[PDB]
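Please treat every number below as a calculation from the coordinates, not as lab data. Every residue, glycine among them, receives a Cβ derived from its backbone with ideal geometry; neighbour counts consider all protein chains shown.
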Amino acid sequence: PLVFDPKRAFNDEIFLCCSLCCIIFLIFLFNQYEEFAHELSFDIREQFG
Amino acid sequence: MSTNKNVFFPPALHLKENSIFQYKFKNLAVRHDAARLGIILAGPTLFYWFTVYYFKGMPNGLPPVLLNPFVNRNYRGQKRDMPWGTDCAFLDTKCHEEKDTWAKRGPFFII
Amino acid sequence: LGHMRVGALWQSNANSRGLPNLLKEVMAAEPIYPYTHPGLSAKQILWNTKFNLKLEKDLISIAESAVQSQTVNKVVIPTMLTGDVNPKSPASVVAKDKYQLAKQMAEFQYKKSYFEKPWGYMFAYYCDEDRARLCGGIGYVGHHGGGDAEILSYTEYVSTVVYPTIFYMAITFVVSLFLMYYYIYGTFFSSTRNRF
Amino acid sequence: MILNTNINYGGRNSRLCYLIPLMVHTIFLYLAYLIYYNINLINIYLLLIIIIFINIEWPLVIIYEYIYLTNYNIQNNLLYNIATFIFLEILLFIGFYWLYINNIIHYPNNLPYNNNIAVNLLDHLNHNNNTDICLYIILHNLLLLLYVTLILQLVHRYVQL
Amino acid sequence: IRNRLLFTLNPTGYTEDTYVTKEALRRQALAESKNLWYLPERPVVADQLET
Amino acid sequence: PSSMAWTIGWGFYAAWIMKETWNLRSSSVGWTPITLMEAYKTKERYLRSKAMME
Amino acid sequence: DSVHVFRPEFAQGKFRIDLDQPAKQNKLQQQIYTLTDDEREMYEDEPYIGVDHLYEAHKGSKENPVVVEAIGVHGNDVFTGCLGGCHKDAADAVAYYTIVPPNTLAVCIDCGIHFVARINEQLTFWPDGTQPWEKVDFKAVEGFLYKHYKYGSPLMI
Amino acid sequence: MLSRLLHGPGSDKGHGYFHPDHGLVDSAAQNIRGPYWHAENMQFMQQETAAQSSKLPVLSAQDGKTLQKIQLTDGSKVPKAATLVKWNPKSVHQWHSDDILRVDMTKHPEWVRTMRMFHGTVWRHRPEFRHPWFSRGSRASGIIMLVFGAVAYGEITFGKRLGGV
Amino acid sequence: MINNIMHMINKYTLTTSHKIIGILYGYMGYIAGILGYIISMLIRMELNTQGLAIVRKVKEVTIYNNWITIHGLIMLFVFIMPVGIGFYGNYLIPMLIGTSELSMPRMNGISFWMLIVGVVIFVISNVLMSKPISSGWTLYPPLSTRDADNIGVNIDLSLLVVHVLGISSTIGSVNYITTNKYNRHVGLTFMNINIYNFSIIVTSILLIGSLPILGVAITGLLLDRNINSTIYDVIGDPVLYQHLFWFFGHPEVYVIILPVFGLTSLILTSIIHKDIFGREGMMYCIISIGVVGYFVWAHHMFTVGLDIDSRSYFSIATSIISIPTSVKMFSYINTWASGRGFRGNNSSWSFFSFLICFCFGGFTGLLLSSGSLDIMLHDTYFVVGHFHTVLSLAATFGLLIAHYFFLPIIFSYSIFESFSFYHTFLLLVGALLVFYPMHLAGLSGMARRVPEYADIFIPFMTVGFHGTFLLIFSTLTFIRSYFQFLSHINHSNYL
Ligand code: HEA
Ligand code: HEA
Ligand SMILES: CCCCCCCCCCCCCCCCCC(=O)OC[C@H](COP(=O)([O-])OCC[N+](C)(C)C)OC(=O)CCCCCCCCCCCCCCCCC
Ligand SMILES: [Cu+2]
Ligand SMILES: [Zn+2]
């Protein structure tokens, strides 16, 4: 039988690193979305904007 | 005969360290990668928050930028039809509410 | 399913066409034993085959008994370089004295009469047959080549065709330069005429 | 017993030969329809669900081909293709940076406001300062991405050893 | 047409050319065992229009 | 370059990040009096111009 | 003190065929390089080693042919070739290829060389993890080989 | 170095390719003859055989003696009664010895998944067909996209968007 | 039967076999070529006649502009790359290096069907929708974005077509590079591969580097049209658009031409029974032309107001790229000498015409390289004459060499030499009567992309009329010859 093993999964280095990186990437995405809406004054209809 | 033997029952090896981790942190490349990580953690990150703590109750007195004057309020008579119908920037949520911009909903499927 | 083949014996397909049997192609519907066993009928051939087969069995048995029950008086181990799978062949294929030269000359004369001219004529026929196969509008036979073609070696070609051609090209180059400059401007070294 | 062919990955027929092109066609016609009638022919979430579902075939075939069809020749081919894809992405970023910096490197510019000195206390830094660009938060995000890069490099080398 | 829809409900199931009914299995079993008294029956033969 | 060169480069990059952080915050804090003075000056000039035109 | 077990490579099929016999598979997929211009110049003025070449029979004689081995199906014609210029009068610009029946003496009448291209089929155990880990005998192999000769076997594609 | 940057020998053109000091190791050697670059600081342990697994579906293809010769260990804590055998580089045979302790890596999820791909499913020449319902969904998606494209072309050209009829 | 129909459809839609994908590419390329030829005949009939004989209005010249733009796009992106690169690239590349398939087999099918969706969108937008795009194949803004006659979604669909064609070409390029690098049989070094393979590799390297920039430019056009930005409007830089487009543009023409050189070299080796003269030189010249082509793009922009030093630089770079092409031409001329090429072969005579016309086109384009002299020749019919005596008289005849060579090998029937001779000779003469006069019309001052011309330019267009009639005859002969190729006899009796 093939059964998922959370103990082995959490005792594996690749699983931890990738989950941490995915979490940090989501944090970065949310932060960058928070500055596009309620931080800036210029929109995509300008020269530099 | 096939290598599958060592795939099915690989040999077990003896270490003099309490774990592979410690043994694997005697390689100078891993040590240098950890050193770079520590450099970034120690210098910039602890300093960043330090500045945040140093200027916690002080203003951000940078002058605002000047985008569009009063005489150019019409944008030289340029068309401003967004692909979503109205004339509001995508992330101008408040401005959308003053022009609905979302009453023209389509169907869930082709019909 | 249609006509599924039964078994996996060899079939002549695109990937494999087999090794032709030229002897059967040539000697079709004609016996071979009048050439391999001249003067013998089928019964005589069979009787001879049986007699020789029994004799060969006896000789093979004698030879195996001999080689398998002889005492070893000497051991011969040839010299070879390290990493070499097999020793170099100690036989040379070049005649050394004049008697070997005469022997090889007689062998060459026999082989020429009986083994080389047949090969030459067979190959000539094969070339002509390939021409015939590609003839008749199927392929590009007669579009170039032939027996009248002038084949030149590298030295002859470069010396008698390439260099003179480049020489003529260079002379044409200079003459055309001068003539074109005169034609357009009306002078040789003074640009436009009646202007400067 | 089996008969062993060349090292080259022979290849399989697949539906991805037309599904991905049909996906591109669907996306572009969706954009055209949204441009024309300003409304969505099909809900955007449903469209993204279809797009995601079509592309789940890659990981499955990848798994079942690694289990069965893989060797160093195939791995080298795949890694070289990965490198070329990374190169294409780099070129895309270069093109967009070209687009951005075209009007910024060319310093002279006709501006709606004044940027000469000795007329106001702040005019002399109007053109050379976009003082709203969220620099502090940009630095925080930079720190996050440096975290990710360093941690991932460390872990990659650690497992490789 | 409906027959095509019958066997596609099970993507891992047989097809029209590989599906055998119980009666067909019984007839094949009788044919294989060379019983003396099994008188084989002629399948219903159809002309063009019927098909 | 060896690993030591890259560690030195990362140290320099960290130093630059710290410099930029501090410079940004200090400049933002330092321009408050100047911006306030400019605003007051332009407010006064506007009021004076309106009074003169009236 | 601790025990470590390196994670084995579980992949089967082509990968396990490669890792069971790395010499043969490497031979199949190992690139070899030809001489550049300066190397050709440096090679053409190297000396013969001994006077054997004046007496022995060269490699590629009617009695000492060049035997080469390909993989494929029994009876399939073999693809072989020269790199050119085995003779002074033969072309050498590019490699010249040949299609020849297997297990037969062929003669290149461009260079004059006799060769024996021949096929060895790569019949190997079904790589699904049931391969044998200890010396095997001729019985089971006898059955598999008989079936392959009589009917044929699938291809590892 | 350009050569070393592009994965070449480097300055010395007679040099090898692998630098296990910074993670560039030889997978083939590791799989066949074990990681002999860890040979100085690791040692085999020498003294529960594998015969207990002689009746399983995939291990039953082996002989009884072969599994008897293999000795197992829990793989976590050092057996205090087990001696240590020095790992000898340049020796291709020590990784295959039957005297050294081993660990039963047959309950590993990757092991189970591989053998299931070979022993637990009907062999399909197409991995997408190995999953029946997903293939159904994918072909349905293809038909859906065809219909959507046809409808969008019809609506945009004729100026009527099919919602009013 | 449903099973048979589904088997055929799946055979041609699920395939990942290089030969099948090659024949599909060839078929699509020939069809696109015929469509472009029809559009070109409409253009020529508009030019040959006085008083707007076909459009009958000055308000309706947008029809003529649509014709020129779709003719250019169809003939460049959908005709000559699918035939030159897609057809013989997939069919032959694995065969010449002795491998089974190209690496990434699925991406090949993805590439072909991306081409197909591009063609479908393009045809439906420019045939079944009103007022198509009317801005030439170089979609210069603000004509493409801010124009009364370009407001419909047909323009946007055409731009997205350009996107999908770029995607398909990138996929093909990556696949070719990867397959040639790693899948060579043992004993075949990288530089000993067939010359066609090397030309395909360099073409692939060209496409990879430049297409993303074109993608950026086209996305800029889309954003200007839809998001109402000013990237290229009066507050923008149409010159920026031109820089990006032409950074893609010239690598595209060298991509078109190099595989023709590779094919010609391969076929010559086959039909003259002698190796290439200076094979190493020809390969190195190919790679040199490929690399140098990335530094010259702005020679198409000598009149937009470049800096004078930049004008000087771009003229210099164009001369530099001229050099290796001359080396290649000399290599071909010396290759043909001392050979035994067939004397009654459409391939041989097509090679002659290819060589002559390419030398003439190269010289005319070398005149245009000089910045100063480009003041008098920009946007005249001299440029049209140039890139038609190159594209339509050298690249086309290279593909005719390949066609008359590989048909007996792909289908196993010989070629009707006399019929094909009629086709090729009339194609040569008819084209030379259409394009050659353009040169002298450009010098006299006629502008391009105009349907009505001043009375001073009558003789050039009369000669063009003659050439158009000859071209119609020739192309009808070609299509009829191919139909007759696959048809059994139609008459038979007893003598
Ligand atoms: C590969 C590209 C290609 C090809 C093949 C052609 C082929 C032809 N082109 Fe044109 N053309 C362009 C690329 C091409 N063109 C481009 C890029 C422009 C500019 C668009 C712009 O200005 O905006 C242009 C513009 C252009 C104009 C512009 C008119 C104007 O601007 O004033 C004219 C009119 O004379 C013209 C005529 C022709 C003619 C008469 C043919 C042919 O009829 C003559 C040769 C005919 C052939 C027979 C080729 C067709 C082949 C098939 C039959 C397919 C079979 C396959 C093979 C034979 C292998 N072309
Ligand atoms: C495959 C097609 C193809 C090829 C091969 C070329 C090849 C060249 N092209 Fe051109 N070109 C186009 C397709 C092509 N081109 C198209 C489609 C356009 C129009 C785009 C548009 O505007 O719509 C165009 C436009 C174009 C212009 C634009 C003019 C104008 O817009 O103002 C210029 C000018 O610089 C130019 C130059 C060249 C040069 C210098 C070469 C050189 O490669 C030619 C070099 C060849 C040789 C020189 C021949 C060899 C000579 C000898 C045998 C030796 C002689 C040597 C000496 C005297 C030193 N091309
Ligand atoms: C109007 C003049 C010819 C115009 C066409 C020029 C072709 C332009 C290049 C592009 C080709 C495009 C397709 C071409 C279709 C067919 C063209 C054509 O007409 O080709 C046939 C033409 C005419 O061939 P021909 O008329 O010589 O043929 C008679 C030859 N035999 C004996 C075989 C019947 O081609 C050539 O002539 C080109 C090769 C020139 C070599 C001259 C040798 C003369 C023949 C031997 C006679 C005896 C010795 C005489 C001494 C020599 C002194 C001169
Ligand atoms: Cu150009
Ligand atoms: Zn030879």
Number of partner chain Cβ atoms within 10 Å, mean per residue of I:114-123: 4
Given contacts defined as C-alpha pairs under 8 Å and at least six residues apart, what's the relative contact order of the range I:306-404, whole-number percent? 38
Peptides D:63-76, H:77-90: what's the order by average Cβ count within 10 Å, highest mean first? D:63-76, H:77-90
Pull out the extension gain between G:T36 and G:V68, defined as 0.36 nm times the separation in residues minus the alpha carbon to alpha carbon distance; nm, one decimal. 9.0 nm
Mind sorting I:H388, D:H106, H:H22 by how few other Cβ atoms lie within 10 Å of their own Cβ, fewest first? D:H106, H:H22, I:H388
If each Cα of the range G:2-152 is one equal point scatterer, what is log10 of I(q)/I(0) from the Debye formula at q = 0.10, 0.11, 0.19, 0.21 Å⁻¹? -0.62, -0.72, -1.34, -1.48
As an exercise, use a Förster radius of 45 Å and the Cβ-Cβ distance of C:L22 and C:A63 to find the FRET efficiency, rounded to the nearest 0.05. 0.80
So how do H:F44, G:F6, I:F360 line up by other beta-carbon neighbours within 10 Å, fewest first? G:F6, I:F360, H:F44
Computed over the range I:319-477, the ratio Rg/Rh where both radii use C-alpha atoms and Rh is Kirkwood: 1.03
The alpha-carbon pair-distance distribution computed for chain F, with 10 angstrom bins and whole-percent values, is 20, 21, 17, 15, 12, 8, 5, 1
Evaluate the distance, in nm, between pseudo-label points positioned 7 Å from the Cα of C:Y185 and of E:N35 along their respective Cα→Cβ axes. 11.5
Under the Kirkwood approximation for Rh and a Cα-based Rg, what ratio Rg/Rh is obtained for chain D? 1.13
Per-residue mean of C-beta atoms belonging to partner chains within 10 Å, peptide H:138-145: 6
May I ask what percent, to the nearest 5, of DSSP beta bridges between residues of the protein assembly as shown are antiparallel? 75
Cα pair distances of the range G:83-128 binned at 5 Å [whole percent]: 5, 17, 20, 18, 12, 9, 6, 6, 4, 2, 0
Taking 2.2 N^0.38 Å as the expected size of a compact globular protein, what ratio does the Cα radius of gyration of the range I:425-495 give against it, to two decimals? 1.68
According to a simple spin-label model (label point 7 Å from Cα along Cα-to-Cβ), what is the distance in nm between A:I24 and C:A124? 8.6
What residues from the range H:84-110 fall in the zone where the backbone N is under 11 Å from a label point 7 Å along the Cα-to-C-beta line of A:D12? H:108-110
Relative compactness, the range C:53-160, computed as alpha-carbon Rg over 2.2 N^0.38 Å: 2.10
As a test of understanding, state the convex hull volume per residue of the range I:1-127 from its alpha carbons, in Å³. 126
Just how many % of Cα pairs in the range I:267-353 lie over 16 Å apart, if you round to the nearest whole percent? 62
What is the Cα convex hull volume of the range I:211-330 when expressed per residue in Å³? 111
Relative contact order (%) - criterion: Cα under 8 Å, at least six apart; region: chain I: 13
For chain I, the spread of Cα positions along each principal axis, largest first, Å: 65, 58, 58
Counting other Cβ atoms within 10 Å, which trypsin sites (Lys or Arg not before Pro) in the range I:1-76 have at most 12 and lie in a DSSP loop? I:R56, I:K57, I:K59
Please state, rounded to one decimal and in Å, the Kirkwood hydrodynamic radius that the range G:1-69 gives when every pair of distinct Cα atoms enters the mean of 1/r. 17.9
Distribution of pairwise C-alpha distances over chain H, 10 Å bins, in %: 7, 18, 20, 16, 15, 10, 7, 5, 1
Percent of alpha carbon pairs in the range H:49-118 separated by more than 14 Å? 68
For G:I99, net neighbour charge (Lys/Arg +1, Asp/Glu -1) across residues whose Cβ lies under 13 Å away: 0
Paramagnetic reach from B:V52 in the range F:1-45 [backbone N under 18 Å; point 7 Å along Cα→Cβ]: F:17-26, F:28-29
With a Förster radius of 45 Å, plug the Cβ-Cβ distance of D:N128 and I:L443 into 1/(1 + (r/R0)^6) and report the FRET value to the nearest 0.05. 0.35
Kirkwood Rh for the protein assembly as shown from C-alpha pairs, in Å, is 39.8
Do you know the relative contact order of chain D, to the nearest whole percent, from alpha carbon pairs under 8 angstrom that are 6+ apart? 15
Anyone know which of G:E44, G:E121, G:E56 comes out most mobile in the 10 Å Cα GNM of chain G? G:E44
Per residue, how much space in cubic angstrom lies within the convex hull of the C-alpha atoms of chain E? 109
Among the chymotrypsin sites (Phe, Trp or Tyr not before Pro) in the range I:425-495, which ones are in a DSSP loop with at most 13 other Cβ atoms within 10 Å of the Cβ? Mind listing them? I:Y494
Once you put a point 7 Å from the Cα of G:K24 and another 7 Å from the Cα of H:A140, both along the Cβ direction, what distance in nm separates them? 4.8
Using the reciprocal of the averaged 1/r over all distinct C-alpha pairs, how large is the Kirkwood radius of the range I:64-155 in Å? 15.3
Set C:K88/G:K62; C:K117/G:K88; G:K88/I:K274; B:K79/F:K50; C:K117/G:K62; B:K94/F:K43 screened for pairs whose C-alpha atoms are more than 28 Å apart: B:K79/F:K50; B:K94/F:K43
Calculate, axis by axis, the spread of Cα positions in the range C:97-196 along the three principal axes, and write the results as whole Å, longest axis first. 92, 50, 13
Calculate, axis by axis, the spread of Cα positions in chain C along the three principal axes, and write the results as whole Å, longest axis first. 117, 63, 48
Work out, in µm²/s and without decimals, the Stokes-Einstein translational diffusion coefficient of the range H:90-165 at 37 °C, 0.692 mPa s, Rh from Kirkwood over C-alpha pairs. 179
Of the candidates I:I201, I:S312, I:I267, the farthest towards the positive dipole end of the range I:199-327 (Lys/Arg Cβ +1, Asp/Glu Cβ -1, centred on the Cα centre) is I:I267
Radius of gyration and Dmax for the range G:36-81's Cα atoms, expressed in Å? 16.7, 43
Partner chain Cβ atoms within 10 Å, averaged over the residues of F:38-51 - can you pull that number for me? 1
Quote the FRET efficiency, to the nearest 0.05, computed for C:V76 versus D:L152 with a Förster distance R0 of 56 Å and r equal to the Cβ-Cβ distance. 0.25
Name the residues of the range H:96-111 whose amide N is less than 16 Å from a point 7 angstrom out from the Cα of H:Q47 along the C-beta direction? H:97-105
